[PDB]
Structure formats: C-alpha cells, structure tokens
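For this one, two forms of the same chain are given in structure tokens, first as structure 1 and then as structure 2.
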Structure 1
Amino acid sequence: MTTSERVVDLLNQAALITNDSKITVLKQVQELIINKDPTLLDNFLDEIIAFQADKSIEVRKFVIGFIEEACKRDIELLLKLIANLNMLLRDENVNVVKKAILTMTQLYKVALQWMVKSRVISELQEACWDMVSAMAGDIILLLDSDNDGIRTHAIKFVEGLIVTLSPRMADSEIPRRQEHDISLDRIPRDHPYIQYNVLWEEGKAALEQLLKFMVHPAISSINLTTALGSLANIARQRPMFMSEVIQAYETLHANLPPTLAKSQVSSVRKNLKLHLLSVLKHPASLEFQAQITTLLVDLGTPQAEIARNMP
C-alpha cells in the first residue's frame, strides 16, 4: 500500500467519522500530502477543503490550518484558496474567525514575497493579490469588532502589516525568526505591479488606524495592553515611527481610559512601564529621553531600573 492508497483510505475513513476525532485522521492526511509527498497535494485538495463546510468548529479550524500549510508549500494554490480563506474569515464562530486572522498574519507576507519575486504577472495573479490586499483591509476593520478576542488578533495582524509595509533601516532591531521576511525596502521601486508607494501609504494608514483605536474611550484592558505592545515592536523594528509611538504613550498617560476597572488600570499601566523601558533602550529614542523619563518616573519606576535600560 503506497501513499496515494494510504491517503484514499484515510479520507474514506474521515468522510464517515461523526466527531472531532476525524481531525486526527485529517492531520495525518495533511502530513502525507504536504510533507511526505507534495505531488499528491492537487489530487486530494478539493476533498480536504470541502471540510470547510463541516459543522464542527475544530474541523473548520483545521481547514484554515491546512490552507495555511498548502499555501506555504505551494504559493500558486492561493489563486484558488483565497476565496475559501476570505469566507472562513467571515465565519459565524469567533474561534474560526480568529484562526483565519492568524493564518493571514502568516500568508500576507508570503503572498507579497511571491508578487515581488514574480517577473511577469498574469491577470489572475493580479486579482489574487487584490483579494489578499482587501482581506487585509477587512481585518483592519475588525478593530471595530464587538468581540474582545477578535480585536486582539486584529491588532496583531495590523502590527505585522505595518512592519511588512515599511522599510528595514540600519538601526532596525530585527528578531532572528523574521530575518528573511519581505519588507518595503526589498520591493523594487519600478516593479510592474506592486507599487512601492501605494504600500508605503497603506502601512502609514494602518498605523493611523491603530493609533485611533488606542484612544477609543471604551477600549478594553487587553486590547490596550496588546496595542501598547505592538507599538513597542513597531517602534523597535521600524524606528522611523518612534515619535508617533512615544506620542501615543504620552496621550495614554495624560488620558487614562475611564471604563478600565482599578486592577485593569494597574495591569495596563504595568505594561506601559515595561514598553517604555524597552523603548528607552533603543538608540533612536535619544530625542525623547526626558519625555520618557518623566513618564516612567510618574508611574513609580525606580532609578536603578530606569538606568539599567539606557542604550
């Protein structure tokens, strides 16, 4: 019994199982057609994807994950799969939506790298990119979701979009894992389809959306700490944005959000301290050192701890 036979059997089995146990069998099929023999991925694609219609939240979450891996293995599949993904982003269940946001966080970069590396570009591939781009647009709108979890995932998505759509600079601090990630500066100014300047503007607007979000007076504890942390990352990786981030910190510290409960206020404010200290250590914070120091001291930071975090 070969792989293809061992797969047809696993699927016949999965079509008959009536519960979440079927995910195990599906995960094994995944391993076998994405990793152990990708030549079979196309043959059995439609049949894994059709599980997108299953009533089970977990089976649907597994399908988004499968999409994510199929697309990392062969980015051309995104020509078909982007519709399924955008529809799963609109799932009535919050846990499916959230998985969708996390997968887009991965695939957006990947798709953009593919558009940029591609010399000649078919109309279809252009449309696919417009799809991905608009799905990013949708997730940005999810910052107005009424669900606290959706918001938090939306923030992280928006965070990565801002890093991706802006240039790495000499004084950028870049995490080992993301070394080979596309960034604006890797995109040729004369590309036949990807427009360096449209992208630079879309990052700026994304960052404007986030800064607006921070100042919603009804902002939740967790949303605020998340947004605070995303600005610390953006600030470190993209120090052309240092001034906006510091100003966002300044704004929060004058204007504490009045729906926060006492302990929520404490939680958020312990993170504000931590992100100020972490930014102070960055060389591009120089200008604003006394403005940061004023802020830190006002929150009760002791000076042996302030001084450990100079550059």
Structure 2
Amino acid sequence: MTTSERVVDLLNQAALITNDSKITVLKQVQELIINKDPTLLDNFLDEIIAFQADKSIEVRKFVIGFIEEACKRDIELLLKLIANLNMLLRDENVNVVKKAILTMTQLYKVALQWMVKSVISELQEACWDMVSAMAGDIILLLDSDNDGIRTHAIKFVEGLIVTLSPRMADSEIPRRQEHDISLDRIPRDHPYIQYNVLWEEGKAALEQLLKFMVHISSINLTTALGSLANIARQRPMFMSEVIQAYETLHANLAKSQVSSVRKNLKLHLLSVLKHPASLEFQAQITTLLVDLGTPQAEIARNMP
C-alpha cells in the first residue's frame, strides 16, 4: 500500500484500541509522516492531536512529544499546535504537565528565533502572544505544590533567562546551545517583539528564580544552584546576582540535608570561580568558599 494508505489504516486502528498499544501504532504513524514522507505531516495533524483527550497519561505524553517532533520538522506548525500544547500544559495530571514543560524548554527558543528571522503575520503575532503567556505560566509553576513540576520549571526558567539576555564575549556556551537565539540577536526595532520587554522579562525571571531559592525540597534547591551556575557562566553579566544568591543561602530545609546542600553549593561556586568573569568578585567568592569549609588547595585549583 502507499504511505498515506498505511497511515489511514494505522490511525483507524489506533482509534479502536483500548490500551497503551495504541501508542505503538501512533509511533509508527509518527515515523511515517515525520521521516518516511515528511509531506504527510501536515495532512494528519488533526488525527494525531485528537488523542490529546485520551484518558491514558502515556497517550497524552505521546501527543506532547509528537507536537515537539512536528515543530522540530516544521516550526510553522506551531501556529496549528500551540493551543493544543497549552491545553496539555494545563493537564490535571502532573506527569503530563512535566512533559509539556520539557517540550516548552525545547520549543520556546525555536519559536522566538522563528519570529525574529521572519515581516511577521497576524497568526504569528497571536502565536507569539500565546508562547509568551505559556512561558509566563511556567515561571508560575516554580510555585507548584508538586516537587517534580518545580524542578522541571527551574530548568525552563534557566533557559528563559539565558534566551532573554545577551551573549557576552566571555560567555561559556555549551556546544549543544551554540546555535540557540539570544537577546543580542533580537532587533531593537522589530515590528512586534519588543526588545525592552524581553530584557525585562529575562531579568524578572531571574528575580523569580532568586526568590524561589528562599521559598522547597533539597532537589529543587540543588537544581536551582546548578541553574544559577550555568547562568553565571553563560551570561556573566549576572555573575554578581548569582554570587549574592549563594551568599544569601549560606547566611540563612531538614538540617540532615545541610552537608549535601553545602557540598553542592561548594561545587557550583568552584565552577563559577573557574570562569574568567569571576575575577572582579574573587575576594567575595574566596571568602565564601572558606566559610563553606573549602580547603585552600581546592580553591587554588579552581582559579581561572
């Protein structure tokens, strides 16, 4: 049979299956319309996205991953899929929400890059407004009652901060992120996307992450310490804020966790020390490392 004949057959079968083997069918459809004949992707979105209402948590997670795959193949499909992603971000099941956060961590920066590289249509403008509101909703999930949602939100917020601040000449950018958009590549006179608002949004997101640090679990705290170390190295204009946050933590959780948290904090502070932007703050970082009980030998080794 032809590829589209096989896709129709599979989708019809998936609609009748009453257990998670329907995911096996949908993954076969995904391979056929994303990889075998990518021109079919557009033709079958409605049929796959219909499964977003399925009672199975695993099926709804599959639909979020499919949205991510579809937008990775063709970012213009975000016009057709962002509202569906928004509904999944609002799911009552926390594992579906966590997956939606993971996907937004991948998709927000790709959406922004598309808006900037694009003249921008009314549909793109409306799409952007929704992406921006969804990003804002994930910042609010730093206050989730669910521990795992908070951890996922921290990593989304880390990405948001870095995306919405400029690269510096001493930024240490992970290879995997070398091609990602950053604020320095957003024009000041774009017709819809407002550079000043994005600058303020990145700063405000950092403020939220710093407020978060004083709310949370040990894993939330150490995830945030690590995100802050990444921010300081990737966006060294925030070095001061990060060091101040670390100083605040140390000056102020079950006491049993202190050794573990302090070890993590030492490791991240040492990683910040190793970056050449730490020079301005060397005395400050040094004093803190000593007060955290870091041996002189270890401090010297982690100099830039």
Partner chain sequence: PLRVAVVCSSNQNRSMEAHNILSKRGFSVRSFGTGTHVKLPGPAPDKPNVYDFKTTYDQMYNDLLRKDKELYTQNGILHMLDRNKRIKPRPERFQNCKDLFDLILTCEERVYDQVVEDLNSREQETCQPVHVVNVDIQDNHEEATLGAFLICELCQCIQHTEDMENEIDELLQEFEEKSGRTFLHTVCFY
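Residue 1 is the first residue of structure 1, and the numbers go on in sequence order from there. In this text, rigid core is short for the largest set of C-alphas that superpose within 1.5 Å between two forms.
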- Message: Of the two forms I pasted, which one is the form deposited with its partner chain bound: 1 or 2?
- Response: 1
- Keeping the rigid core fixed, what distance in angstrom separates the two C-alpha positions of residue 41 between structure 1 and structure 2? 1.1
- Message: Superpose the two forms on the rigid core and tell me the Cα shift of residue 290 between structure 1 and structure 2 in angstrom.
- Response: 2.3
- Message: Rigid core superposed: how many angstrom does the CA of residue 105 shift between structure 1 and structure 2?
- Response: 0.4
